[PDB]
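K.L.:
Protein chains in written order, with our numbering: chain A, 491 to 566; chain B, 579 to 755; chain C, 165 to 280; chain D, 28 to 77.
We put the CB at the ideal spot given by N, CA and C, even for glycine.
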Amino acid sequence: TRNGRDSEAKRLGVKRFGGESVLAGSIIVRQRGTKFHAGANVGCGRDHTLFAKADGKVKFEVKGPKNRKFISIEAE
Amino acid sequence: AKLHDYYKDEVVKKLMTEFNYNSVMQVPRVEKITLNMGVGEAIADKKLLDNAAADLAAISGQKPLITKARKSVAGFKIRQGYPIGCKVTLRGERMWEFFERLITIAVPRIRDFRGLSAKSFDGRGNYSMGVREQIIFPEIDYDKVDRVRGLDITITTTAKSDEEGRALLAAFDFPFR
Amino acid sequence: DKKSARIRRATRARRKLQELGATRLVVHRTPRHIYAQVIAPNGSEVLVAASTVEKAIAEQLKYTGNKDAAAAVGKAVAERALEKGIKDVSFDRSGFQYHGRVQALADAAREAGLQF
Amino acid sequence: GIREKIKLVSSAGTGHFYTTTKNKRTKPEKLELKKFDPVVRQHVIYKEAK
RNA sequence: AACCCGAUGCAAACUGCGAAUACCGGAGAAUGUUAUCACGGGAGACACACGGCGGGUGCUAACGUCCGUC
RNA sequence: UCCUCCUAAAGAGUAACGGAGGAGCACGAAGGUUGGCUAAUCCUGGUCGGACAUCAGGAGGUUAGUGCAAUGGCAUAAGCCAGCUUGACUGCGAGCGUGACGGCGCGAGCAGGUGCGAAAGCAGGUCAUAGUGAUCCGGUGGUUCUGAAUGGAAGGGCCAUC
RNA sequence: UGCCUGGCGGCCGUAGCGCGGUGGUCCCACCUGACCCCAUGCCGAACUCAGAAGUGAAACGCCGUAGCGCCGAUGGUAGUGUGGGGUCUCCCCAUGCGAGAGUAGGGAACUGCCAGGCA
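1. Where do the N-terminal and C-terminal ends of the beta strand (DSSP E) with B/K665 fall, by residue?
2. Any idea what DSSP makes of A/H538, helix, strand or coil?
3. Assign B/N600 to one of two classes, buried (16 or more other C-beta atoms within 10 Å of its C-beta) or exposed (fewer than that).
4. Scan the region 165-239 of chain C and note each continuous alpha helix (DSSP H) run of 4 residues or more that stays entirely inside, going in chain order.
5. Could you work out which residue in C/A177, C/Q261 and C/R193 is closest to C/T228 when comparing CA atoms only?
6. For a test of the three-state rule: what should DSSP assign to C/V266, helix, strand or coil?
7. Pairing CB atoms from the region 260-267 of chain C with CB atoms from the region 46-61 of chain D, are three or more of them under 8 Å?
8. Can you list, in chain order, the residues of its chain with a C-beta nearer than 7 Å to that of C/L246? Leave out the 5 residues immediately preceding and following it.
9. According to DSSP, is B/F752 part of a helix, a strand, or is it coil?
10. Do the CB positions of A/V552 and A/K559 come within less than 7 Å of each other?
11. DSSP three-state label for D/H43, please.
12. Quick one: using the 10 Å Cβ neighbour count with 16 as the cut-off for buried, is B/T735 buried or exposed?
13. Quick check on B/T735: does DSSP put it in helix, strand or coil?
14. Would you call the region 658-675 of chain B and the region 704-721 of chain B touching, i.e. three or more CB-CB distances under 8 Å?
15. How far does the alpha helix (DSSP H) with B/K591 in it reach, from first residue to last?
16. C/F280: which of C/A169, C/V191 and C/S168 sits nearest, CA to CA?
17. Just list the residues that DSSP pairs A/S511 with in beta bridges.
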């Protein structure tokens, strides 16, 4: 009804994938809902943004009794 | 204390004799006894909840609890969290004293009292009924009555069946039906 | 359920201690006996374990579970930790309250020389 | 509109002050809060919020 | 006249399942005039049309109109 | 002017007078600590009470709620209750991404005063996207920073702010 | 060197849901009291403190029950990148890859460290 106004599509999703050598402060993935959670040596911001707390190689793995997917980082 | 001792003394023995249980703990026991006032008329005027709470506190050995509305429904003009009804839950010495007073004086003196309703079972073991003119309780002075109010009695029984509930109440003898 | 409530009230603490990878002391208090354990950084090995069930602590007490028994077991675990070099180990409440035998054991260990 | 801006000045002589948005229509009472003031190097009670 | 039952059809605002493409990072034999990136000067352009591939739009009526790629 | 879902072809982005829409708000508590609790709906029994005002048990196991229109997620509950609360801090922030650009989002940690919690630990706002608006000229407190010979004043710049 | 019980971990359904059996010597539930540590938006309901008289009501450890949920091949089937062809709003040829559900089959989980009791 009298439409014709489309909002800007904010870009979400994973932008840095597994097996990526990422330094501290990088953002592994930006998902609106918590599709991917944090694991060891990984931090989460207010806007569900996952970042690496130290340099290393990132990886994704299914974890948790509820069948959730976590993102972790290991020494490279 | 009196009712607790009475329950511990011979209720277990009679239940074993008339049912042939296995363990001494097979005897069902009532977890709690709750009185409820769902007046629902407090919406018209707010100076009824305080009177109901005072009456409940006087009747029982402790102050009551005001139960907020579960859901916001427009059919009764009640919003979410509305304190419409009140209750008093008793367990232990207070419950024993209240039940003793009830059975001793209140139940025999009920106007046009012939017997309770055995069919009033929730199908699990608890015993729930309702009584009008709570003034039947001797605590409330007749001349001090302000409005005619009801009461709902619910005794939670761990018994899994109505027959087990009746067997447990046999200690109270279930005066009449 | 009695155990389900404790599990759901202590899972947050377990997660918080595990994600940090810091050794923690976990205490489970029961009316009869109380158990204390120190978990390794990996989270799969226990370095020190103690409880009132042990005869060495049960032979000098009147009742199995009480404030005195909690203090005794706390002192024993603190002494063993000091002997083994297990200083600077965090603590987890395991969903209990810091107002009874749990806090008595915590204070006993703190006096014995453990920080947490 | 309904809201109006209110300044928040430290009770002390420090000139540094904060600003916020509030409406006095439902909250005529004044503001009682403490915040760190760089000039004094310590938390100071704020008043005269207007 | 709500919910519900016996069905009836559908899915762009459904996925307890789920590809084939395509994009991305680490190792590597082979090959391309470094075909890759950075800096400075100068441009042009900033009106496109058709076929294929999956479509919106109109009543496939069209050599109507707009989308992602060769 | 901005925000949500499909169109929009499984990185991201992606137009059309296409299909449905909403936002110009608000909380100094509706945010944080510690502790405790865990919905809609259905069946069973009952005094006003009936399809639902409240009470007790069972099934249900998050479809309830998560302020707004919409989105994914929230059980470790981000949902509800109780004590304190101002971290709705100060100056920094390597780095990461987005757009041609102004601009925009995240961010561990650094020195200080700190709130909560016995400690471990959280707190640089609201589970997150819309509630937005510059340039020029002028208002408020200081900054003797500058000051058309000097003392000054007048005038000009930083900050918080119309 | 074995069996049982309790605590902390690797995965969350071959790990589960329903029914029966089994167990109090080590440990746990309740069972005793709480004017006291602690607290109820009332209640020792929840939580906590002091005690141990009974017994597995209920919960819980383990085995059977294949009654329900799940996974699970082999291929078939729908499709798809490439070049070509056809009767082209849709299909076929050669090639790389490849569905879901269902089918044979499984299942009462497996496994690492510490404490106590019974041999």
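P.N.:
Here's the rundown:
1. Position 87 of the second sequence holds residue 665 of chain B. Taken as a continuous stretch (DSSP letters only), the beta strand (DSSP E) holding B/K665 covers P661 to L668.
2. For the purposes of this step, residue 538 of chain A is taken as the residue at position 48 of the first sequence. Residue state for A/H538 is assigned as coil, using DSSP reduced to three classes.
3. Taking the first residue of the second sequence as 1, we reach residue 600 of chain B at position 22. So B/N600 counts as exposed.
4. Within the region 165-239 of chain C, the complete alpha helix (DSSP H) runs of at least 4 residues are 166-184 and 219-222.
5. As a first step, residue 228 of chain C must be located in the third sequence, where it is residue number 64. The candidate whose alpha carbon is nearest that of C/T228 is C/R193.
6. Position 102 of the third sequence holds residue 266 of chain C. Look at C/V266 here: in three-state DSSP terms it is helix.
7. Here the region 260-267 of chain C makes no contact with the region 46-61 of chain D; the two share fewer than three CB pairs at distances below 8 Å.
8. By one-based count along the third sequence, residue 246 of chain C stands at place 82. Excluding sequence neighbours, C/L246 sits near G277.
9. The count along the second sequence starts at 1 and reaches residue 752 of chain B at position 174. Coil, per DSSP.
10. Residue numbering aside, residue 552 of chain A sits at position 62 when the first sequence is read from its first letter. Residue numbering aside, residue 559 of chain A sits at position 69 when the first sequence is read from its first letter. A contact, by the Cβ cut-off of 7 Å.
11. The residue given as residue 43 of chain D occupies position 16 in the fourth sequence. In the three-state scheme derived from DSSP, where H, G and I count as helix and E and B as strand, D/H43 is classed as coil.
12. For the purposes of this step, residue 735 of chain B is taken as residue 157 along the second sequence, with counting starting at 1. Classification for B/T735: buried.
13. Here residue 735 of chain B refers to the residue found at position 157 when the second sequence is read from its first residue. Strand, per DSSP.
14. The region 658-675 of chain B is not in contact with the region 704-721 of chain B.
15. Taking the second sequence and counting its residues from 1, the one referred to as residue 591 of chain B is at position 13. Per DSSP, B/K591 belongs to the alpha helix (DSSP H) from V590 to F597.
16. Stepping through the third sequence from its first residue, residue 280 of chain C is reached at position 116. Between C/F280 and the set C/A169, C/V191 and C/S168, the nearest pair of CA atoms involves C/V191.
17. Against the first sequence, residue 511 of chain A aligns to sequence position 21. According to DSSP, which records beta bridges pairwise, A/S511 is partnered with A/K547.
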